[PDB]
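Chains as they are written, first to last, in PDB author numbering: chain H, 1 to 318; chain B, 34 to 189; chain Z, 1 to 47; chain A, 1 to 115; chain I, 1 to 178.
Each residue gets a CB set at the ideal place from its N, CA and C atoms; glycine is no exception.
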Amino acid sequence: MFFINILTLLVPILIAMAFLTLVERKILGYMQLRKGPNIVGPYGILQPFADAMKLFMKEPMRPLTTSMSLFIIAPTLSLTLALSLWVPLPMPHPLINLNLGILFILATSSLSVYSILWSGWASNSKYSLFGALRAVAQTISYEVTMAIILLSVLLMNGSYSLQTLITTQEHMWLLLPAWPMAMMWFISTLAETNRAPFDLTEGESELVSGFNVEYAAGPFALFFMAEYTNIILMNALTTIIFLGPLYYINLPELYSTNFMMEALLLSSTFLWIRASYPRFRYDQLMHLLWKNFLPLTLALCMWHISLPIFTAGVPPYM
Amino acid sequence: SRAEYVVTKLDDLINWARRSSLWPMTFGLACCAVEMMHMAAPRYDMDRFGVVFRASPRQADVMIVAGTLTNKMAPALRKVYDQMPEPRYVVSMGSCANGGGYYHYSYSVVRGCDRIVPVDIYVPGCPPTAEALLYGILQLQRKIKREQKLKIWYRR
Amino acid sequence: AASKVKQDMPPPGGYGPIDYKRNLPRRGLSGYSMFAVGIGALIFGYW
Amino acid sequence: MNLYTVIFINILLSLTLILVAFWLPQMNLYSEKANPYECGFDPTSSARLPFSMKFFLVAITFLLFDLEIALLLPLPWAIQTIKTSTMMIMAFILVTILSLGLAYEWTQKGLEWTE
Amino acid sequence: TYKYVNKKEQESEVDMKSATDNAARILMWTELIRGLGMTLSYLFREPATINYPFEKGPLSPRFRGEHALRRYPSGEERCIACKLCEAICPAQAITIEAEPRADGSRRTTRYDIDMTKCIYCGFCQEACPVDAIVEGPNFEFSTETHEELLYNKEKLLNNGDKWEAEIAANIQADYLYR
Ligand SMILES: CCCCCCCCCCCCCCCCCC(=O)OC[C@H](COP(=O)(O)OCCN)OC(=O)CCCCCCCCCCCCCCCCC
Ligand SMILES: CS(=O)(=O)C1CCN(c2cccc(Cn3cc(-c4nc(-c5ccc(OC(F)(F)F)cc5)no4)ccc3=O)c2)CC1
Ligand code: SF4
Ligand code: SF4
Ligand code: SF4
Numbered sequence: 001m002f003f004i005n006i007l008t009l010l011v012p013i014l015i016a017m018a019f020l021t022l023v024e025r026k027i028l029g030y031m032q033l034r035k036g037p038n039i040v041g042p043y044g045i046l047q048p049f050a051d052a053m054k055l056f057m058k059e060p061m062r063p064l065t066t067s068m069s070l071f072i073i074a075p076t077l078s079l080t081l082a083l084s085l086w087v088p089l090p091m092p093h094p095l096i097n098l099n100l101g102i103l104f105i106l107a108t109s110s111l112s113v114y115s116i117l118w119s120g121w122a123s124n125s126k127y128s129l130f131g132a133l134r135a136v137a138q139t140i141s142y143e144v145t146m147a148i149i150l151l152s153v154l155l156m157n158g159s160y161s162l163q164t165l166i167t168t169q170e171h172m173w174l175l176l177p178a179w180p181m182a183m184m185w186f187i188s189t190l191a192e193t194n195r196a197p198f199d200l201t202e203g204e205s206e207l208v209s210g211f212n213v214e215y216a217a218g219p220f221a222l223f224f225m226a227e228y229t230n231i232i233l234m235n236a237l238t239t240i241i242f243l244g245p246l247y248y249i250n251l252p253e254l255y256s257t258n259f260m261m262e263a264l265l266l267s268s269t270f271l272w273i274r275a276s277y278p279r280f281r282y283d284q285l286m287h288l289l290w291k292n293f294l295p296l297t298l299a300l301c302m303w304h305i306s307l308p309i310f311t312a313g314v315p316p317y318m
Numbered sequence: 034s035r036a037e038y039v040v041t042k043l044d045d046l047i048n049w050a051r052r053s054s055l056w057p058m059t060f061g062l063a064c065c066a067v068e069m070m071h072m073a074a075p076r077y078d079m080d081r082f083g084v085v086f087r088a089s090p091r092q093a094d095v096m097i098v099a100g101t102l103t104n105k106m107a108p109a110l111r112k113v114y115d116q117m118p119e120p121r122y123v124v125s126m127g128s129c130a131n132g133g134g135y136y137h138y139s140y141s142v143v144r145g146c147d148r149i150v151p152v153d154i155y156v157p158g159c160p161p162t163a164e165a166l167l168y169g170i171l172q173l174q175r176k177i178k179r180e181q182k183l184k185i186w187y188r189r
Numbered sequence: 001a002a003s004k005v006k007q008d009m010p011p012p013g014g015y016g017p018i019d020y021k022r023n024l025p026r027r028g029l030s031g032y033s034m035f036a037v038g039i040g041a042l043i044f045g046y047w
Numbered sequence: 001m002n003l004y005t006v007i008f009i010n011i012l013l014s015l016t017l018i019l020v021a022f023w024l025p026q027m028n029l030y031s032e033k034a035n036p037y038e039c040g041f042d043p044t045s046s047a048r049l050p051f052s053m054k055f056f057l058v059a060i061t062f063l064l065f066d067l068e069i070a071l072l073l074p075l076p077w078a079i080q081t082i083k084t085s086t087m088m089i090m091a092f093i094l095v096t097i098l099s100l101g102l103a104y105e106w107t108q109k110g111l112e113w114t115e
Numbered sequence: 001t002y003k004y005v006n007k008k009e010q011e012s013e014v015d016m017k018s019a020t021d022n023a024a025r026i027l028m029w030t031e032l033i034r035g036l037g038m039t040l041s042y043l044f045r046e047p048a049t050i051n052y053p054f055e056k057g058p059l060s061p062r063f064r065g066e067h068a069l070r071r072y073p074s075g076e077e078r079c080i081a082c083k084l085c086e087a088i089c090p091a092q093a094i095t096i097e098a099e100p101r102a103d104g105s106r107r108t109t110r111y112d113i114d115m116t117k118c119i120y121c122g123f124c125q126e127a128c129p130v131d132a133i134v135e136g137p138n139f140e141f142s143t144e145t146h147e148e149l150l151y152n153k154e155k156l157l158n159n160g161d162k163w164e165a166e167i168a169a170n171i172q173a174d175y176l177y178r
């Protein structure tokens, strides 16, 4: 039965990645006064399959300057982790109940960067190396605030488990007490994915494609789908932590429904933002995260350390 | 359940994919690049057809030679084309690219991009109306509709 | 009938007046309002 | 065992995709195609040379900040303790010293990049 | 006259209200929310995208696209081999060879146009004193071969015999403006 559950958790995520590429294109088109794919199928529901099939039908590249081992490992790892981050998620019941699920998320995400690093290094092209170093800077920038934001939120949950947030929000979202932390977490998830305005790892206007510039159809598809999967993942994280779906033990289907609605909202917001803003300079990202988010993050961490004490609202350990 | 029929349908599918997803390359040399843009614009939405400008040749499927090709630029054009992975198509846009055009008798112009790379479709004009470039894209789509590769493999 | 000179000339009295200056409007709350809303939300959530 | 199962399933999915991407399509390999990409022209050098880093100090600092995060993470448990005043005081001291170090770096222009 | 774009700034006066407004702008991301609102407004507008190749972009009679040699309503050719068209063609795309037709008239044997050299400028149809060579409206004449784009007398004559119903009307419309 567990393998069937694996399927019911995996194949829909990939279909959703594909139709997320679709929704991205169509939303950006209508924002840009254009339509977006409507030719390939009814309103374009076959463009993703066309793209994927076409890519996995193309000649891949085995250049002469590359370390083929890492060149091939990196996309494998990217996709693997993009799919593995979805397992401990409660919707409302997870496939793998982990007590330290938050830390699993953190570590797997911090690991997904090495796909970019090793790809850009192996490719042995200057633009690839530039994308890799930009990823290094981006991680060094956001990873400090990520964990402190998350700790400050969890100090009212009582644990690193993703299933106690459901009982924590049983009456009221965690956005009201933590909307500053929610905003900073939103932007930091925006950065974790190398997504606009932080699309610096593949900045087409400075670096033709970054770490992808030597990669070709299949591996490139792997990278791309990993990106568009981590997008949905981080939206789901935002909407399990700060937004709380209705949990009535006799009605988990409503929980899944509302979870999906909120995830769609947050993802469409990601696309909105890509369409609405220019791109940062990768030094300004560091300056932001280290001069506006980290000081405030420490202040709020102290605030949420104290609040349970001068309120007697310390959470329980299971 | 004839294998020849199955192969014809499979080839239809292959071509449908490679056709409804044509990612060109951000390679514009001269005026004709403006009409390329305008064909990317709302009135003529490229993505509507599955067309997407990717900047890396290792990800592109077709290159539109959108303007004049000088002798100082031909090596780079041939290199980029060489770096595009098969299946790879080419589209000559304008009169400069087809036969040098208004600069045919110049000392610094190749009298046709068809000397440096092989061209599938020629789009005439100076500049070609974006509508015409789209007509050419669809002409290419049909040419791909008529590749019949696996049938050939089965007949070998 | 006859034939006078015909030419794409403007209409008598001229064309309507054209707007060319910036009109980025002014909107939003008062600032105090934003901070009060946020602080009240924090306090209710804490309770 | 189930976590192992899921993760290995994902490994196998990715590897299957890569296999059928490397063995399904028709190839035509030659040097001018397999050569590095530097915007149409030939590289003037190798990409394996020192690429100077202007945020080295910020990265070093990031190491220590990661450690301070590691020390802050046990709070969810430290708040279940009877000695609450001690936990409060120690957490406040830790975060304050962290902020003071950051402020000293800021002022002495460590967070700014070498040019 | 002149105006300033970024010197408007005058001496600094600051209150608590102004400080708080700038603080909210810096903390709640006011100015970015407005770009979000603009992009939202555009999502609920009608896209300017036409449904090509079914509905097409507008044009005017003066449009100068594909070339064609016309005829008089009797069927006789209008060209008389005067060679202004090739004398002015700034791309040297036209090539002509004349000879006395058996009936004695002055007519061509060769009339070639390298449509890879034509810049579609229109000088030939404003030079032709008999309105023989024109630049028709057709622009959907792409090819799969370079050779197909090297027109001769027969190709241009066939185009003229194919578009006359349109070329003639566009002329009738535009010939007073010339
Ligand atoms: C008694 C109370 C006790 C509790 C204590 C807390 C009290 C409340 C305190 C509230 C503080 C406000 C919330 C903090 C978040 C904002 C942080 C911030 O202001 O950063 C501003 C930063 C710098 O902006 P700049 O104009 O360049 O100024 C530079 C300095 N001279 O620039 C930025 O960081 C923002 C730029 C980011 C641009 C990226 C794109 C943003 C997209 C916007 C999407 C908005 C949607 C939000 C969705 C959230 C849902 C989860
Ligand atoms: C000027 S703009 O603002 O309009 C600008 C905005 C951005 N934009 C855009 C956005 C999203 C996608 C694309 C097309 N595109 C698709 C892929 C790629 N997709 C898949 C893939 C694999 C499996 C899938 O599911 C299944 F097959 F079922 F497994 C589905 C897909 N692999 O690679 C890679 C590169 C790429 O550009 C384009 C349009 C233009
Ligand atoms: S054909 Fe005409 S429009 Fe196109 S690049 Fe040449 S001169 Fe410019
Ligand atoms: S339109 Fe201009 S360039 Fe073209 S054939 Fe006529 S005169 Fe020559
Ligand atoms: S200008 Fe007209 S009449 Fe004279 S040679 Fe050219 S086509 Fe013939």
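- H/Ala182 has its Cβ nearer than 7 angstroms to a heavy atom of ligand 1.
- With 16 or more neighbouring CB atoms inside 10 Å of its own CB, B/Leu62 falls in the buried class.
- Closest option to B/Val95, judged by alpha-carbon separation, among B/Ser53, B/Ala165 and B/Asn104: B/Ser53.
- Using a cutoff of 7 angstroms, the CB of Z/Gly38 counts as near ligand 1, since one of the ligand's heavy atoms is closer than that.
- Look at the beta carbons and you see the stretch 23 to 39 of chain A touching the stretch 203 to 216 of chain H: at least three pairs across the two are nearer than 8 angstroms.
- For H/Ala221 against H/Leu55, the beta-carbon gap comes to about 5 angstroms, under 8 angstroms, which counts as contact.
- Leaving aside the five residues that flank I/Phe141 on each side, the residues in its chain whose CB is nearer than 6 angstroms to its CB run, in chain order, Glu66.
- For H/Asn194, the CB stays at least 7 angstroms from every heavy atom of ligand 1.
- Secondary structure note for H/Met146: its alpha helix (DSSP H) is the uninterrupted segment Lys126 to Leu154.
- I/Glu135 has its alpha-carbon roughly 22 angstroms from the corresponding atom of I/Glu144.
- Residue contact check for I/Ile50 against chain B: a CB pair falls below 8 angstroms.
- DSSP lists I/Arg106 as the beta-bridge partner residues of I/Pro100.
- For chain H, the residues of the stretch 97 to 118 of chain B that bring a beta carbon within less than 8 angstroms of one of its beta carbons are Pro118, in chain order.
- Closer than 9 angstroms at the C-beta level to chain B, one finds these residues of the stretch 86 to 105 of chain I: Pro90, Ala91, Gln92 and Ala93.
- Per DSSP, I/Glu164 is one residue of the alpha helix (DSSP H) stretching across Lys153 to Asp174.
- By a beta-carbon distance limit of 8 angstroms, H/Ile305 does not contact A/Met90. Their separation comes to about 10 angstroms.
- Using a Cβ-Cβ distance cut-off of 8 angstroms, the stretch 155 to 172 of chain H and the stretch 70 to 80 of chain A are in contact, since at least three pairs of beta carbons, one from each stretch, lie closer than that value.
- Non-local beta-carbon contacts of H/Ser110 in its own chain, meaning distances under 8 angstroms to residues more than five positions away in sequence, involve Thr139 and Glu143 in chain order.
- Within 10 angstroms of the beta-carbon of H/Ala74 lie 16 or more other beta-carbons, which makes it buried.
- Residue contact check for H/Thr201 against chain A: no CB pair falls below 8 angstroms.
- Taken from the Cβ of B/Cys159, at least one heavy atom of ligand 3 lies inside 7 angstroms.
- Interface flag for I/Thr30 against chain H is unset, since no Cβ pair is found closer than 8 angstroms.
- By the C-beta criterion, the stretch 81 to 93 of chain B is judged not to be in contact with the stretch 81 to 90 of chain H, since fewer than 3 inter-stretch pairs fall below 8 angstroms.
- The beta-carbon separation of H/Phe259 and H/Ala182, rounded to 16 angstroms, does not stay under the 8 angstroms limit for a contact.
- Beta-bridge pairing by DSSP links I/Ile113 to I/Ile94 and I/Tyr151.
- If you draw a straight line from the Cα of H/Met61 to the Cα of A/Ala47, it comes to about 18 angstroms.
- Within chain Z, the residues whose beta carbon sits less than 7 angstroms from that of H/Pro177 are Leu42, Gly45 and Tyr46, listed in sequence order.
- Taking the Cα positions, H/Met31 is about 17 angstroms away from B/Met70.
- Within chain H, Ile39 have C-beta atoms less than 7 angstroms from the C-beta of B/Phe82, given in sequence order.
- In this structure, Z/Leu42 has its CB closer than 7 angstroms to one or more heavy atoms of ligand 1.
- The alpha-carbon of H/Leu294 is positioned some 14 angstroms away from that of I/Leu27.
- DSSP places B/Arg87 within a strand segment (E or B) once states are collapsed to three.
- Looking at the DSSP output, H/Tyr255 shares a beta bridge with no other residue.
- Our two residues, A/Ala34 and B/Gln92, have alpha carbons roughly 14 angstroms apart in a direct line.
- In terms of CA proximity to H/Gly131, H/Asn194 leads the group H/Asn194, H/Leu28 and H/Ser161.
- Within chain H, the residues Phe56, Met57, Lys58, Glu59, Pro60, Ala217 and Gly218 have their CB atoms less than 9 angstroms from the CB of A/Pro25, given in chain order.
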